[PDB]
């Protein structure tokens, strides 16, 4: 069983080292906190939270970094190496990359103004990466609500509260024009913009993402508080101002009978959202972990030991 006190004896300062590393990085890159949370998410949705996503290419297996969901998207890997090196110096061969990334995600959320809690620990590192599993498991921004739900259930999260609460991760962070071009100019081959996108916001987004423009240009997930982790992400949905398709569907989809009340619940109370996010976060963090003697304590998160 995973436990929050796993390193209280072997490395009582792991959480502190991780925090300081993020605090320093945030001064030169205010997007790092969001990037790190996403890395933990993409790690857990592929064979569980086993740091498989941090592994680089080998002649035997391809890195998950080249998955459609990570390629020219996932970021912050060097920052993870920095906190890892620091932790290894403070406590040699003690903290796994999988646990490190979990703590890093929790600290990122807290540093961004989100809830604060102690994540369960005791996960160990994988001996391989799963590129194909990543392309199949990572949900896409153009997914319908049914697909989004299927995606979460596929990894072990059956609750709609998991999807709605974890989707709150979009209360900060950036998104490329590339993933909303369809919503702005030609949604589902209708030749028209997505009707579930507020017309006034549509205009704003079209200005940031003109047709035939830079598809790599970055746009904020939350027009209200772009870098602050809060429940404003849900208020946007209620106003049809969710950035990507997968966001707005939680409130506009014909299959959203169960997600709508959850969206409103989180939008009405920060405490309600924070509690659900913590609960959902720990559930995601409990997806098929390697524990005990399974897997290893990777010294360099990029490669398997020795």
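Numbering follows the first chain given and starts at 1.
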Check your understanding: Which is higher in the entry, the mean Cα B factor of 154-162 or that of 98-106?
Key -> 154-162
Review point. So 263-271 or 242-250, which one's hotter by mean CA B-factor in the entry?
Key: 263-271
Review point. Whose C-alpha has the highest temperature factor in the PDB entry: 225, 176, 196, 116?
Key: 116
Check your understanding: Taking the values straight from the PDB record, which of 131, 127, 208, 90 has the highest C-alpha temperature factor?
Key -> 90
Exercise for review: Would you please rank residue 35 by its C-alpha temperature factor against the other modelled residues of its chain and give the third it falls in: lowest, middle or highest?
Suggested key: lowest
**Study point:** Record-listed C-alpha B factor of residue 232: chain third
**Key:** lowest
Check your understanding: Lowest, middle or highest third of the chain for the C-alpha temperature factor of residue 191?
Key -> highest
**Study point:** Position of residue 22 among the chain's modelled residues by C-alpha B-factor, lowest, middle or highest third
**Key:** highest
Review point. Should residue 15 be placed in the lowest, middle or highest third of its chain by the C-alpha B factor in the entry?
Key: highest
